[PDB]
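In what follows, chains are A, B, ... by sequence order, proteins preceding strands, each numbered from 1. Below, all heavy atoms of this structure are taken into account, side chains as well, without hydrogens, waters or symmetry copies.
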Number of protein chains: 2
Amino acid sequence: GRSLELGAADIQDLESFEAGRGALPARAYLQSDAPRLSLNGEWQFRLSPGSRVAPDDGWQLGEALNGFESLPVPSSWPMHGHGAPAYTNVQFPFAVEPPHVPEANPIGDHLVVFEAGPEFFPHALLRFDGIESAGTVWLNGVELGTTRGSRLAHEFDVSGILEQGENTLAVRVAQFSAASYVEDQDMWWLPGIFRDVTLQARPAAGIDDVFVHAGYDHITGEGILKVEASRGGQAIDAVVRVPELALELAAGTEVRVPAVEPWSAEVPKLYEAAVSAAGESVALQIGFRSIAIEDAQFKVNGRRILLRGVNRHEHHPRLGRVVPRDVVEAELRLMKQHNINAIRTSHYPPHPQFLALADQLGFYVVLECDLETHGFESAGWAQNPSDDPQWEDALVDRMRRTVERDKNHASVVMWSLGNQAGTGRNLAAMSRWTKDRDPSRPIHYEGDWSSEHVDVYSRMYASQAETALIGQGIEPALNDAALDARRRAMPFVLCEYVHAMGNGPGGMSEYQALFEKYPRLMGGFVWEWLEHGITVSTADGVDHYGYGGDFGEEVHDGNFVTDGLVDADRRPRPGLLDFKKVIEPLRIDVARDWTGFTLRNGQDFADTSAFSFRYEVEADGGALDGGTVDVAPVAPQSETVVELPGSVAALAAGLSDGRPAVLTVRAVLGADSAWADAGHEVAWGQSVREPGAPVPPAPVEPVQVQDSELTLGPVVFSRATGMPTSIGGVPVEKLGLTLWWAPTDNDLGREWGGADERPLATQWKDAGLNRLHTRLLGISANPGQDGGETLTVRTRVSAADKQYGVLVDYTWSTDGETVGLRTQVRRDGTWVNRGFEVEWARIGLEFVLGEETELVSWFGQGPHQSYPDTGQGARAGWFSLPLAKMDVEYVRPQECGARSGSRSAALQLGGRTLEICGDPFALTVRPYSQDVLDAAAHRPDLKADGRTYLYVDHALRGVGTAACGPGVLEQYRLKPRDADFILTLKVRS
Amino acid sequence: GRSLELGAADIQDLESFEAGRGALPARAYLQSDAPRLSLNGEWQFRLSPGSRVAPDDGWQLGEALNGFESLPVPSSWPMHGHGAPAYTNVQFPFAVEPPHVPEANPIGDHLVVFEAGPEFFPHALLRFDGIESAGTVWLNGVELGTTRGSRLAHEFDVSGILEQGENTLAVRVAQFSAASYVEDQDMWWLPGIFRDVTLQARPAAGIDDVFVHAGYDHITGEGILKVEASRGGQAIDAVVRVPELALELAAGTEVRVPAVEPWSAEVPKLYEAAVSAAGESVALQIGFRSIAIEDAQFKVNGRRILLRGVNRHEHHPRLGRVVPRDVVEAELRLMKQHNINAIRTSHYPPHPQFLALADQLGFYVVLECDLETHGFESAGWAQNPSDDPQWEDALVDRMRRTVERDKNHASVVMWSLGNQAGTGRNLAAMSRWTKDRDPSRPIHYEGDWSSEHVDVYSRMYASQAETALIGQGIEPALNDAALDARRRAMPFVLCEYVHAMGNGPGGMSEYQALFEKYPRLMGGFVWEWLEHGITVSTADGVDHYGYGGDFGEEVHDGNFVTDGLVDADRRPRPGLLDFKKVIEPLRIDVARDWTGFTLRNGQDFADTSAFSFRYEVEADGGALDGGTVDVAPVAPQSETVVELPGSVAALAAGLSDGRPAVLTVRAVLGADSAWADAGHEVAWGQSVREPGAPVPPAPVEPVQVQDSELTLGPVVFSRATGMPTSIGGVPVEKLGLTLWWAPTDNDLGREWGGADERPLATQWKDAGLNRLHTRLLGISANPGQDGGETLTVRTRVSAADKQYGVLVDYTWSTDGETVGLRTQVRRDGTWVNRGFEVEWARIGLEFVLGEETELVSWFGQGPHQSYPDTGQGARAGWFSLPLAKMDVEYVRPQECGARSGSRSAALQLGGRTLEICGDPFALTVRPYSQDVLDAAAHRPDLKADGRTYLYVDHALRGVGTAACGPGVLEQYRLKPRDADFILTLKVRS
Ligand SMILES: OC[C@H]1O[C@@H](O)[C@H](O)[C@@H](O)[C@H]1O
Ligand SMILES: OC[C@H]1O[C@](O)(CO)[C@@H](O)[C@@H]1O
Ligand SMILES: OC[C@H]1O[C@](O)(CO)[C@@H](O)[C@@H]1O
Ligand SMILES: OC[C@H]1O[C@](O)(CO)[C@@H](O)[C@@H]1O
Ligand SMILES: OC[C@H]1O[C@](O)(CO)[C@@H](O)[C@@H]1O
Ligand code: NA
Ligand code: NA
Ligand code: NA
Ligand code: NA
């Protein structure tokens with residue numbers, strides 16, 4: 001007997017190493033006057049759980065369809081109730097045995113009917129800009145071919161198949177195929193026809209492909225122009241016209257434009273052009289720019305540039321991989337509004353419409369091929385497609401389609417072979433093909449650290465320390481002298497750094513100082529631009545983002561998909577506010593005497609003519625003075641000192657010697673730009689006259705003693721515990737020391753190095769920092785002033801089963817009006833647990849009040865959160881926010897919302913108002929406890945309990961980027977130590 | 001100013017290093033004719049959360065009590081709604097800063113009123129047999145004293161305080177005190193007055209203490225008798241009478257009884273005696289026995305003994321530390337019924353009534369002092385009370401009270417200083433005091449491996465391998481030559497071994513063989529006798545046991561308190577059934593020809609006269625022959641061969657050469673004993689004629705092919721998957737390979753050694769063994785016989801993200817009646833993950849049937865579960881049980897219920913009956929899946945889903961004792977390997 005299994009034919013095709021069959025030559029995405037009909041819209045769709053059960057019932061004819069239902073196209077079909085999204089980071093969701101596919105393989109059959117007028121005859125084609133991951137296509141029942149390369153475009157000739165009038169298009173899509181083994185990016189698995197489908201006419205004497213070459217000679221200022229045009233792979237006679245430059249030339253000839261204005265991310269000058277043959281005309285946007293590497297520097301138009309980058313995935317919280325155009329435009333505007341100038345298309349080519357937007361708004365684009373075999377690493381890279389000769393044609397095809405589609409856009413300054421694909425022969429073949437095809441753009445690929453087949457040295461998450469050694473050209477040498485000589489002559493780029501997951505990222509300033517200091521350093525791209533949160537609702541109607549595991553995944557990686565500077569709806573996270581400041585292209589150093597400010601132009605090409613420089617002096621009441629000062633344009637990388645009007649300094653000299661006041665100088669847009677309105681803030685700097693130290697109240701009030709209570713002015717103490725039970729009428733339910741916070745995503749990551757690789761969160765739990773207990777040692781009153789007394793309460797704080805502890809003494813004093821509180825902390829015993837030193841999250845106090853807080857106001861850093869190694873974007877001033885807005889809406893709740901650098905605070909408990917002053921402290925106010933915060937997996941898990949949780953911290957730990965990359969830097973760590981700090985409290989009813 | 005805190009006086013007393021004040025001389029627990037009044041019953045009780053808030057409102061007078069309510073005494077008050085139980089193993093539930101106590105310290109005020117008649121005047125006392133942990137006692141308002149030593153007795157003189165008529169007793173009990181630091185046993189923390197309270201009259205010319213000395217001369221057979229009696233610490237004139245021995249002697253004089261019958265656990269001969277003065281008489285039970293160590297052997301009455309022991313805690317699932325007397329008697333009977341002969345009072349003296357029961361029923365008792373400082377280990381033993389001079393008086397007091405109370409009982413053969421208390425000067429002081437006081441009993445203590453201050457070498461959980469080296473006297477030497485010479489001359493005891501947590505314990509047989517082989521080995525005590533489950537109910541009324549964490553504990557150790565041979569209600573676990581067989585005191589080896597059996601008397605003193613030897617031959621239908629055979633008494637440690645009646649062997653010779661049959665020889669009690677009825681089984685042995693190999697059915701039926709289904713006789717296959725969808729009408733929902741089981745408690749423990757210390761359960765999860773997936777490679781029919789065909793289904797099984805897999809081929813054959821299934825397993829790729837070899841739990845098949853199973857029957861080992869390194873108690877025969885009874889009711893659900901050694905099985909699905917035959921396999925049937933079993937934390941989490949989960953295993957892993965002690969032994973491990981095995985199936989409707 002012979003075979004009896006079902007569907008072996010479909011599965012054999014899915015297991016194919018080949019690049020897909022039947023498609024036209026890969027070419028550029030071109031704006032053409034040829035008639036076109038978009039087939040996007042409502043299609044019919046049927047889902048089958050595997051190939052062996054996918055019906056073979058002639059559905060491709062579209063007649064008598066059973067089981068089909070409406071579905072929009074383009075779409076990621078798990079976003080519409082057909083199956084569910086599934087998130088994995090590295091691990092494959094199927095057994096690793098290439099090229100084989102699992103039995104559980106969603107098969108989607110798509111069908112649409114459309115009308116083809118006489119414009120699409122004799123010749124036309126069908127274009128698919130993306131199918132995840134394996135498509136088969138029929139038109140009127142005849143097979144056109146298949147598609148491989150989920151984020152790449154495929155075109156099929158329908159001449160003689162397309163019929164006048166009604167036509168029926170059928171597409172079978174398999175989620176998984178052999179191609180899934182090379183599409184293992186860290187993101188959601190989402191099958192579907194997720195990009196545009198277009199019917200295009202191909203008139204005779206038309207234009208199939210165009211290759212624009214627009215160089216710039218920064219010495220002469222000339223533009224070097226050659227525009228290739230071809231039909232069916234052969235060069236053709238066509239006319240290229242550039243009206244603005246008074247140019248008419250034949251395609252295929254190189255000319256020298258006497259003077260062009262060069263293209264850059266800062267000044268994205270574009271010239272409108274058209275290349276036309278008898279039967280077709282293509283409209284182009286030409287940006288003249290040349291890219292070169294010399295003296296170990298990445299240079300554009302003769303100047304080293306600094307990349308202020310992000311890694312941009314394509315994701316939408318409700319449509320999956322389908323990003324509507326208005327979302328693309330909005331988010332690119334938002335990037336510019338935060339001083340971003342570079343984008344890495346992690347880790348695949350974007351929607352083809354993205355390229356023209358990058359050209360127009362101004363971004364340096366690393367365009368990356370759709371290739372990642374990350375899941376093979378855990379097996380020592382055994383069977384890695386990148387080094388398997390059977391995969392060469394498939395991988396070269398991926399690179400070719402990547403290069404051909406976008407080769408005409410000035411914004412693309414580097415080609416990238418892929419991401420986390422190891423090293424191998426097929427990667428070298430992709431580089432060789434690209435170098436031969438387009439030598440005008442350097443090659444990028446991080447996976448091969450030897451850098452044998454690339455033109456820049458790229459790394460991800462290298463420490464600040466190692467980056468400094470690379471910046472100096474003193475990194476350790478490669479074992480191969482020839483390769484080392486090559487790599488040392490390359491400029492260095494961080495294709496991913498300062499992982500922006502949750503609270504953070506920390507340590508951005510230390511990287512940036514190196515970027516500004518060492519020319520070899522090209523800059524870096526933050527990981528990543530957006531969180532891939534998927535919107536989920538409840539019968540309550542409450543909306544929250546879901547992540548890995550929230551969709552039934554047998555195998556997932558949790559919330560590592562929510563690791564962005566903005567949430568899935570492009571709401572900024574605090575890290576973006578800080579990032580904007582870190583990469584600001586102008587440096588403003590306000591003089592302490594308020595006479596002027598130093599201004600350095602950090603841009604690479606533009607001067608300062610685009611900015612209006614404005615100043616304001618704000619005080620306790622409000623603004624005292626302000627205006628605008630004229631600055632002679634400052635050349636790029638140049639420096640000057642700007643005088644402020646004499647009234648500003650005189651105003652500084654006239655203050656009371658205790659009055660706080662802030663002078664802020666800002667650089668805003670003088671006029672509307674393509675990405676923001678006039679007045680938009682780009683850079684800023686401050687100088688502060690800080691408020692004098694607060695006066696401790698004279699201890700003139702005595703301590704009144706009762707059986708179970710002590711009273712000292714407005715404070716009533718529980719005589720049993722020694723802690724206050726109310727201050728001026730507001731109930732105090734608990735007061736104690738804090739040393740711990742609800743772990744951030746970073747605290748949950750392993751900090752490599754040392755024999756201790758427990759995450760900091762685990763070190764804390766093992767140490768008991770989350771379950772502190774306090775023992776009362778004694779209560780004592782002492783002589784103060786004029787019959788007054790101070791009340792000292794001695795305690796020891798520790799945790800169950802631990803011998804180490806801390807002695808805490810609270811000294812209370814009052815004049816009847818304000819309350820003086822002095823806290824003294826002293827280590828008792830060695831703070832070591834499980835053989836390693838315990839580290840602290842904080843040294844602070846937790847006040848639990850028995851009433852809710854409606855409003856929180858403070859003088860310090862704001863408006864958003866700030867921790868020791870973050871908060872660059874938090875400026876000095878007076879701020880006020882409702883309680884809900886003090887919080888930060890991370891998908892997985894975690895420590896957040898602390899306002900470091902606070903000098904004074906005011907909580908409003910309805911009619912009463914609680915004020916806190918003292919030496920600089922961090923402020924946090926929450927309607928729920930830390931234990932509720934730590935336990936919560938999603939924001940709906942957080943509930944108010946009618947209380948106010950007030951945190952006053954004398955010291956804080958940094959947050960770092962330990963979820964992926966460096967942990968907290970040394971200077972921001974918090975090791976157990978003795979400490980003392982003073983506060984003052986007061987209630988206004 | 002000076003102090004203002006509350007309750008400093010009470011707290012100062014709780015923090016005291018002293019042994020408690022005001023009590024009478026520690027003495028023996030004596031049965032006296034002096035009038036006594038038990039004050040047990042309903043008391044009044046008030047709970048306060050700490051000393052600083054415990055009222056000082058004169059409640060001791062019992063007048064005008066506010067906040068008091070009824071509570072029984074004795075009691076563990078968290079067992080009655082006042083607070084809650086809390087379980088920790090090693091870790092202290094409070095900060096470790098001796099002698100200080102936490103602010104959260106439940107304070108229980110107890111009060112009772114009683115009448116004192118003229119019998120209690122002039123002199124009387126109050127006796128407290130246990131208070132956890134610190135008691136203060138007032139009678140009619142006057143303080144008698146305090147108590148320390150929670151499981152020790154205290155007596156207070158009330159002469160001149162006790163008043164004629166009504167009296168008021170008030171007791172304040174603090175849960176925590178300085179004493180808690182030395183009472184860190186692995187058990188529930190349970191405050192309360194948990195043992196009897198008694199008013200005793202002390203007539204003039206009475207007897208306060210008695211010290212019985214009853215030695216035995218095994219050469220002459222003489223008894224060496226001296227009975228000390230004293231009053232107020234001075235020897236007194238008193239008469240000792242022993243009627244059975246015709247003895248009248250003065251107390252304080254040693255005499256030589258010409259002939260006594262010696263006492264042993266096997267023959268606990270006791271002589272009734274009375275010692276009397278003018279005003280009081282004490283009734284004693286005297287067992288003549290002498291204990292000695294010679295030639296590195298622990299000897300009683302001149303013979304080396306073998307300890308068949310358990311560690312006995314005192315626990316009740318609803319009363320806490322209060323064990324009712326009828327429960328004590330029942331559980332001690334149950335121990336004897338399972339061949340146990342020794343008890344360790346882990347880790348404190350038991351209720352005083354326990355000692356007379358041990359004397360009467362016959363146990364070798366290690367009586368252990370109330371001392372354990374385990375929680376100091378994690379800090380390098382810093383501050384350990386065992387070596388702190390300030391604790392010497394407190395610890396000597398503990399030992400003194402321990403020794404004095406029970407010194408008169410023959411069952412106590414060793415004194416133990418404590419448990420897991422490290423090493424230190426105070427332990428040496430406790431040993432020195434004990435040696436001087438009672439030299440007739442050797443000293444035990446495991447904590448000091450050098451054994452400097454003990455008379456036996458004790459260890460816990462030493463591997464079988466190290467035990468064998470110790471048995472041979474070739475263990476590694478101590479650095480001190482003098483101490484090494486001493487320890488090598490000591491016999492060796494395992495005070496705890498084969499940890500009996502969950503499924504297990506495994507490896508009991510390997511220890512036992514060493515015990516029988518090496519005289520130096522004294523035996524061992526299983527950890528532990530009982531699970532400390534606490535009963536919990538729901539509104540449903542369903543009862544289940546709770547463990548650590550189920551009572552709100554901030555700090556707990558989960559289900560490690562449920563680690564016993566019986567559950568809290570004394571229901572046997574399978575481990576006890578196996579243990580009974582492992583330690584059976586007779587060895588019965590049935591001859592293969594059924595002519596007779598070898599019989600070895602494993603006892604140390606008794607012959608075989610107490611046993612009736614019975615035989616039976618059981619066959620498929622039922623019993624064929626049986627009767628009783630007369631055995632001449634066999635001396636201890638002697639051997640003989642017993643002939644069986646000729647009809648037995650002739651019956652063996654006459655069987656069909658394929659018929660299964662079992663000959664069982666049993667040793668039962670010939671007459672009622674004190675611990676069981678006549679006919680109770682003590683030892684057994686078997687000889688089996690196994691059934692012939694099953695015949696594979698002739699493959700005469702062909703394979704019928706259809707579009708979506710294949711049929712081969714009674715099996716219908718899904719043509720898409722290749723798996724059967726029904727066999728003879730019973731629906732099959734899934735069929736696949738298994739390599740994993742729901743981790744046992746042992747699988748969750750770390751196996752120390754090797755660079756891999758992940759628990760086996762974690763190794764499995766990391767390896768994906770719990771989430772296997774199967775890919776279909778092909779289906780093929782082949783020529784069988786006379787037009788019949790066999791159907792082969794080739795598959796590959798792996799898991800997501802893994803490259804290793806296994807190829808599984810199912811060959812199906814049928815003659816129309818029975819179904820022949822051959823399974824072939826072959827490794828594909830190296831089964832390595834996270835750098836270490838993957839191990840398998842099993843090689844088997846899981847059948848998921850679409851109907852429920854009411855009954856499971858099989859021929860194999862039973863009735864209870866058996867795994868490769870367990871099941872010693874499972875004997876060969878035919879068994880049948882309802883589905884619920886196939887399961888094992890472990891508190892935390894886990895893998896259990898497998899019946900290894902099965903030759904045939906019959907599941908009844910209502911009207912239809914599914915039969916499985918084949919070479920030996922393991923059988924398991926469950927109404928729920930493995931994923932539900934693994935997820936379940938308590939038995940209510942298990943739910944039936946209307947299906948039958950049938951597991952047929954060709955190979956199984958052992959279970960070991962890795963939760964604490966050795967993991968699975970080498971010969972029971974299951975490393976990935978190729979395998980093949982045949983089965984036959986058949987349905988009877
Ligand atoms: O090496 C550490 C291990 O040592 C063994 O002897 C014993 O099972 C335990 O103490 C365990 O912790
Ligand atoms: O550049 C054009 C290239 O693209 C392909 O057509 C893929 O369809 C190849 O056949 C050709 O080489
Ligand atoms: O014609 C523009 C470009 O496209 C090709 O024709 C092939 O697609 C190339 O030969 C040319 O460089
Ligand atoms: O053996 C009697 C011993 O017991 C104690 O009374 C404890 O109350 C000690 O005072 C005495 O030494
Ligand atoms: O009297 C019996 C035993 O008890 C004591 O009197 C003290 O309690 C000891 O002197 C004696 O050995
Ligand atoms: Na996050
Ligand atoms: Na991620
Ligand atoms: Na258990
Ligand atoms: Na235990």
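- Judged by distance alone, the side chain of B:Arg796 and the main-chain N or O of A:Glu97 form no donor-acceptor pair under 3.5 Å.
- Atom CD of A:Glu757 sits in a crowded spot, with more than 12 heavy atoms from other residues, nucleotides or ligands closer than 6.0 Å.
- Proximity to chain B (any heavy atom under 4.5 Å) is shown, for A:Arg775, by both the backbone and the side chain.
- The part of B:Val101 that comes within reach of chain A is its backbone (N, CA, C, O), which places non-hydrogen atoms under 4.5 angstrom from that chain.
- The residue among A:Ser798, A:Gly805, A:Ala379, A:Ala799 with the most heavy atom pairs within less than 4.5 Å of chain B is A:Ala799.
- No side-chain donor-acceptor contact under 3.5 Å links B:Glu5 to the backbone of A:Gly778.
- B:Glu103 and A:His773 share no donor-acceptor pair across their side chains, judged by distance under 3.5 Å alone.
- Both the backbone and the side chain of B:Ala720 come within less than 4.5 Å of a heavy atom of chain A.
- Scanning both residues, A:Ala800 and B:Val555, for their nearest heavy atoms gives CB-CG2, 4.5 Å.
- When each of B:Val53, B:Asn782, B:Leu776 is scored by its heavy-atom pairs under 4.5 Å with chain A, the top score falls to B:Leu776.
- If you measure heavy-atom distances from A:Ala382 to chain B, the contacts under 4.5 Å come from both the backbone and the side chain.
- Rounded to the nearest 0.5 angstrom, B:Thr721 OG1 and A:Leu6 CG are separated by 9.5 Å.
- Annotation: maximal heavy-atom pairing with chain B below 4.5 Å, among A:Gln91, A:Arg834, A:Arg2, A:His100, occurs at A:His100.
- The two residues B:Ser780 and A:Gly1 make their nearest non-hydrogen contact at OG-O, 3.8 Å.
- Atom CD of A:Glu837 is surrounded by 12 or fewer heavy atoms from other residues, nucleotides or ligands within 6.0 Å.
- Only the backbone of B:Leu777 has a heavy atom closer than 4.5 Å to any heavy atom of chain A.
- For A:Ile11, no part lies near chain B; criterion is any non-hydrogen pair under 4.5 Å.
- At a 4.5 Å heavy-atom cutoff, A:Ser51 makes no contact with chain B through either its backbone or its side chain.
- Summarising the geometry of A:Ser378 relative to B:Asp801, their closest heavy-atom pair is OG-OD2, 4.3 Å, with the distance given to 0.1 Å.
- Looking at A:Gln803 and B:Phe376, their side chains come closer than 4.5 Å, going by heavy atoms from C-beta outward.
- Looking at A:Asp707, only its backbone comes within 4.5 Å of chain B, counting heavy atoms on both sides.
- The backbone N or O of B:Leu4 sits less than 3.5 Å from a side-chain atom of A:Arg719, completing a donor-acceptor pair.
- Other residues, nucleotides and ligands place more than 12 heavy atoms under 6.0 Å from the CZ atom of A:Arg750.
- Between the OG atom in B:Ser718 and the CZ atom in A:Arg52 there is a gap of 10.5 Å [rounded to 0.5 Å].
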